[PDB]
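A.B. asks: Take these chains first, placed just as they are in the complex:
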Amino acid sequence: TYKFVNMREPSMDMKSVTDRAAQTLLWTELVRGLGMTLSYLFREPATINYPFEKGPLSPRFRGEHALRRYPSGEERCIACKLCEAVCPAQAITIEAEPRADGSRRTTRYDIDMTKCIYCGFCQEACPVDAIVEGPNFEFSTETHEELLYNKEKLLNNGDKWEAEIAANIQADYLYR
Amino acid sequence: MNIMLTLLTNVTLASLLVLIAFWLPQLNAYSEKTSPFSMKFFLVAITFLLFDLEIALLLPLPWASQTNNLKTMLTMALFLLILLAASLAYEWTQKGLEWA
Amino acid sequence: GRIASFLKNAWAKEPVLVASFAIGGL
Amino acid sequence: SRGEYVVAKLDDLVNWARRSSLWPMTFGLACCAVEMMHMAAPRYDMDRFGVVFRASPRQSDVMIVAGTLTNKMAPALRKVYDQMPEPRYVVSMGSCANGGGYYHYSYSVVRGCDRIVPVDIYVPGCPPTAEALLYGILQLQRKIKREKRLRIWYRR
């Protein structure tokens, strides 16, 4: 159940004493550490050549939010506001009105990427798979305002990344 | 004159670099950036001095080895070294070597 | 007998001093 | 003009020198410091790019605000920024540093580090993956590459 680290008594025989005196005087353990570092020097480095080489990611990766569409092209989101409710950082602001066609659509869908925590909620809550955190992670901006996304920005992201997003959802939709 | 030349050249080169590094980059336009306990362990420094004295006394030894009275030379050299060791041992045992 | 004990303790605890004193004596 | 050509080449040289040797300071408040270290870790090692962590603010060129900036920590952050020599660039890592993130409505959290110090590059994420941070750093390098200090001086 329990193991004693340390709690060992060195031997007092002349051979062991000579060995320990040799270690102290001849710096044996230091040489062992040096040899370890040398071996690591001759080992192949683990660096990947970013940006030309990219780190592995799984289909469930949580990145830039992206509003998706149906195959017909109609926007999937149906103004349920379920995402705004689950949002743990209140980064989602949704406003809706009956559109001219009479469908329930969002007049405003703002995701403040400066307040969002990339929790993965909403993606798992939206009943119609509308907001889906895309695979993109390299969307840094030079100004704070660029990170306050708008419904137009989210829909453009969805249109841009739909080819990858549909494949990732297809990969993972059975696990969900 | 060779050693004097070397000294001059080195000092001038280093000072030239200090000039090109204290004034030349100081031109670049910018703006405003605003902006002891009594060490009793200094005894170690003082002991270094008295040991550096023995260091000086011991430097002639390579030429001292060339004498004909090698017996006397060896006895006196070991005498000085043993006195230095005795001084170190005394300071050690009297906790005088209280480093830091 | 006790001298051997002192030498063993010295070599176990202060080997550098033992080496120095041996070399100086030689 | 020949003078414009010489000025442009000199500005290219100084911008290349500054972007190639970017020395961020060892400044990590919260979780995003872990991903910053993972950037320093062998897989995405920043030293290849010339990015070297140097503790001294006086010997540093970029400040990475990796973590939640609390009201108690804010004056110290401003002080360390001010003691940093110029040219100086600030990279905000994490939703907490960008805009407050999870603790935006907290009484003890500064809602974004832009309020305290100017920010050049904002790295989204919570935590931003080390690859995202490396991307932000390279974007900062491109931003330095686009600088036209000597050109503007010659145009005056």
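C.D. replies: Done, it's in. Numbering: from 1, shown residues only, chains lettered A, B, ... in the order given.

A.B. asks: separation between residue B:10 and chain C?
C.D. replies: Counting by CB to the nearest CB, to the nearest Å, the gap from residue B:10 to chain C is 40 Å. Just so you know, the C-beta spots here come from the backbone N, C-alpha and C atoms, and that holds for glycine as well.

A.B. asks: For that residue, identify the helix or strand it belongs to.
C.D. replies: Residue B:10 belongs to helix B:2-22 when assigned by DSSP states H and E.

A.B. asks: Dump the C-alpha coordinates for that helix into CSV.
C.D. replies: What follows is helix B:2-22, C-alpha atoms only, in CSV (Å, rounded to 0.1, in the frame of the first residue of the first chain):
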residue,chain,number,x,y,z
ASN,B,2,55.0,46.4,-29.0
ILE,B,3,53.3,45.8,-25.7
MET,B,4,52.5,49.5,-25.5
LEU,B,5,51.1,49.4,-29.0
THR,B,6,48.9,46.4,-28.2
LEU,B,7,47.6,48.1,-25.0
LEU,B,8,46.8,51.3,-26.9
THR,B,9,45.1,49.5,-29.8
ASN,B,10,42.9,47.4,-27.6
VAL,B,11,41.9,50.2,-25.3
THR,B,12,41.1,52.5,-28.2
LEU,B,13,39.1,49.8,-30.0
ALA,B,14,37.0,49.1,-26.9
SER,B,15,36.5,52.8,-26.2
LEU,B,16,35.5,53.3,-29.8
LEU,B,17,32.9,50.6,-29.5
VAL,B,18,31.7,52.2,-26.3
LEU,B,19,31.3,55.5,-28.1
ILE,B,20,29.4,53.9,-31.0
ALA,B,21,27.2,52.2,-28.4
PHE,B,22,26.7,55.1,-26.0
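
A.B. asks: elements contacting the next helix or strand after it?
C.D. replies: Toward the C-terminus, helix B:2-22 is succeeded by helix B:43-58 as the next helix or strand (DSSP H and E). In terms of contacts (3 or more CB pairs under 8 Å, 6 or more residues apart in numbering or on different chains; DSSP states H and E), helix B:43-58 is packed against helix B:70-93.

A.B. asks: What residues sit buried inside the helix it packs on?
C.D. replies: B:77, B:84, B:91 (16 or more other CB atoms under 10 Å in any protein chain shown).

A.B. asks: Specify which member of those residues is nearest to residue A:46.
C.D. replies: Nearest to residue A:46 out of the buried residues of helix B:70-93 is residue B:91 (CB to CB; 51.3 Å).

A.B. asks: Append chain E to the structure above:
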Amino acid sequence: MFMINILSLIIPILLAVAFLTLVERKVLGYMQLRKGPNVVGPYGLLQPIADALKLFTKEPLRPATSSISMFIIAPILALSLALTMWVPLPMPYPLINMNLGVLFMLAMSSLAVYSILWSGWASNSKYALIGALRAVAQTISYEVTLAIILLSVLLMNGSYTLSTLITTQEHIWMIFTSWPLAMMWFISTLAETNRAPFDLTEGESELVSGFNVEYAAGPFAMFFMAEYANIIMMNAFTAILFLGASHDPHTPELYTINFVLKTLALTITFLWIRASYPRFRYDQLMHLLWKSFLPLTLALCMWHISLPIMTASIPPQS
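C.D. replies: So that you can see how it sits with the rest, here is chain E on the chains above:
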């Protein structure tokens, strides 16, 4: 043409320092499973140029406001002495041939501490002053052993003339004769150059930047150049003292190649040590020298005095 020789000694040493920086970076990276600087130029050869230019173009901060004369002398003295200490070294023919070049190098090393001593004081800060004091103690503490070990080994040379070391080690390296002294001398070089595990002075993990915390842009670069030049020079002194090289009088190139390779090996050993071990505590550093090393050096000095007499191997004075 003597000025030409001075420049030929000076400028290549500075270039070697600049590229030693890159070498250090890459070696430390590879021993940490990383790759050194490689973006800046082919295999990172242009990184030192970028580093230097960035440093020089950087803001020249100076809140010293005390004895600015000293705050400027310290970098000058450091760099000048680092360059000067290279002069007496025989590679294989020295630039200046001194009967007592060894004691000259010891004196120059002792003087070089004043650069750290003044820089930290004229900075007039907290870490700077206390860190400078810790420096004085460190260099001063190991200067003693450095001298004793040097005297002990030269007892076989028969003079303080560096050039005769080549003759003395013509048949065998002096490391075979004095390896315990060699180990202690190597550790001593490490301490004197303020390198890990004795990098207490700068001591970034403990002291933000040490004595150079208030030095930036060019003066910091001069301190860096002086530090690395001292590293290369001390390793060269080790190579000449112990790892002697064959010298054909008609073809000095062979000796020069052998000496350069040995110095490179020792510098790579310095970087290797910096990577492997952690830093000794200030107190432990002094404990290792005055209480542990100083004794053994005294015993070995007695032995190296006695051996030529009892073995009838007193070296010739000339």
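
A.B. asks: same question on the buried residues of helix B:70-93, but now with chain E added
C.D. replies: Across helix B:70-93, burial judged by 16+ other CB under 10 Å covers B:73-74, B:77-78, B:81, B:84-85, B:88, B:91.

A.B. asks: excluding its backbone neighbours, what's nearest whichever residue of chain C sits closest to chain B?
C.D. replies: Proximity of chain C to chain B (CB to the nearest CB) peaks at residue C:24, 7.1 Å away. Among residues not flanking residue C:24 along the chain, residue E:299 sits closest, at 4.5 Å (CB to CB, 6 or more residues apart in numbering or on different chains).

A.B. asks: From what I see, the one you found and residue C:18 are in contact.
C.D. replies: No. Counting by CB atoms under 8 Å, residue E:299 sits too far from residue C:18 to count as a contact (10.3 Å).

A.B. asks: now the strands: where do they sit in chain D?
C.D. replies: Taking DSSP state E as the test, the strands found in chain D are D:62-66, D:89-93, D:121-123.

A.B. asks: Please report how far the spatially most central residue of chain C lies from residue C:9.
C.D. replies: What sits nearest the mean C-alpha location of chain C, by CA atoms, centre = their mean, is residue C:18, with 3.6 Å. Distance from residue C:18 to residue C:9, counting by CB to CB, to the nearest Å: 10 Å.

A.B. asks: What helices and strands are in contact with the helix or strand hosting residue E:113?
C.D. replies: According to DSSP H and E, residue E:113 maps onto helix E:101-123. The contact analysis (3+ CB pairs under 8 Å, 6+ apart) places helix E:101-123 against helix E:68-85, helix E:127-157, helix E:217-241.

A.B. asks: so which of those helices gets nearest chain C?
C.D. replies: With CB to the nearest CB as the criterion, chain C lies closest to helix E:127-157 of the helices and strands packed on helix E:101-123, at 11.2 Å.

A.B. asks: Give me the buried stretch members for the closest one, please.
C.D. replies: The neighbour-count check on helix E:127-157 (16+ other CB under 10 Å) flags E:127-128, E:130-157 as buried.

A.B. asks: name the helices or strands packed onto that helix?
C.D. replies: Packing contacts for helix E:127-157, counted by 3+ CB pairs under 8 Å, 6+ apart, involve helix B:43-58, helix B:61-64, helix E:101-123, helix E:164-168, helix E:174-192, helix E:282-286, helix E:294-311.

A.B. asks: now the angle between helix E:217-241 and it, please.
C.D. replies: 20 degrees (axes from the mean of the first three to the mean of the last three CA atoms, to 10 degrees).

A.B. asks: put chain F onto that model:
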Amino acid sequence: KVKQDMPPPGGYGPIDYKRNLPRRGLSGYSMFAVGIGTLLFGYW
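C.D. replies: Okay, chain F now, added to the rest:
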């Protein structure tokens, strides 16, 4: 048919988890004898 990420039938191979810091080097007497022999040859 059910298909979850499950261990392979029979489970995985044993996974080493204890210190294997090897025992290396010559005995102290051997190291001292080698050093003294080198010193004697150098002296001769």
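
A.B. asks: Repeat for what packs on helix E:101-123, accounting for chain F.
C.D. replies: If contacts are counted by 3+ CB pairs under 8 Å, 6+ apart, helix E:101-123 sits against helix E:68-85, helix E:127-157, helix E:217-241.

A.B. asks: Dump the ones you listed into CSV; add distance to residue D:111 as well.
C.D. replies: Converted to CSV, these look like this (distance: least, CB to CB, whole Å):
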stretch, distance to residue D:111
helix E:68-85, 42
helix E:127-157, 34
helix E:217-241, 36
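
A.B. asks: Residue A:22 is nearest to which of these?
C.D. replies: Checked against CB to CB, the stretch from the helices and strands packed on helix E:101-123 lying closest is helix E:127-157, at 21.2 Å.

A.B. asks: Verify the contact between residue E:155 and residue E:303 for me.
C.D. replies: No. Taking contacts as CB under 8 Å, residue E:155 lies outside contact range of residue E:303: 9.6 Å.

A.B. asks: right, and the helices and strands packed on helix E:101-123 - which one's nearest residue E:20?
C.D. replies: Using CB to CB and comparing the helices and strands packed on helix E:101-123, the one that lies nearest residue E:20 is helix E:217-241, at 5.3 Å.

A.B. asks: Please compute how far that closest one lies from its chain's middle.
C.D. replies: Its chain's average C-alpha position is 5 Å from that of helix E:217-241, according to CA atoms, centre = their mean, to the nearest Å.

A.B. asks: Is there proximity between the biggest helix by length in chain A and chain F?
C.D. replies: Criterion DSSP state H: the longest helix present in chain A is helix A:151-172. No. Residues of helix A:151-172 are not located near chain F by CB under 8 Å from any CB of the partner chain, the shortest gap being 12.9 Å.

A.B. asks: How far off centre is that helix?
C.D. replies: Centroid separation for helix A:151-172 versus its chain: 17 Å, with CA atoms, centre = their mean.

A.B. asks: Count the neighbours of residue A:17 for me.
C.D. replies: Neighbour count for residue A:17, taken as other CB atoms under 10 Å in any protein chain shown: 17.

A.B. asks: neighbours around the residue lying closest to residue E:183 once chain neighbours are set aside, how many?
C.D. replies: Once flanking residues are discounted, residue E:183 sits nearest to residue A:27: 7.2 Å by CB to CB, 6+ apart. The number of residues packed near residue A:27 is 14, by other CB under 10 Å.

A.B. asks: hang on, the earlier thing: does chain D sit close to the helix holding residue B:10?
C.D. replies: No. Contact of helix B:2-22 with chain D (CB under 8 Å from any CB) is absent, the minimum separation being 14.0 Å.

A.B. asks: Lovely, talk soon.
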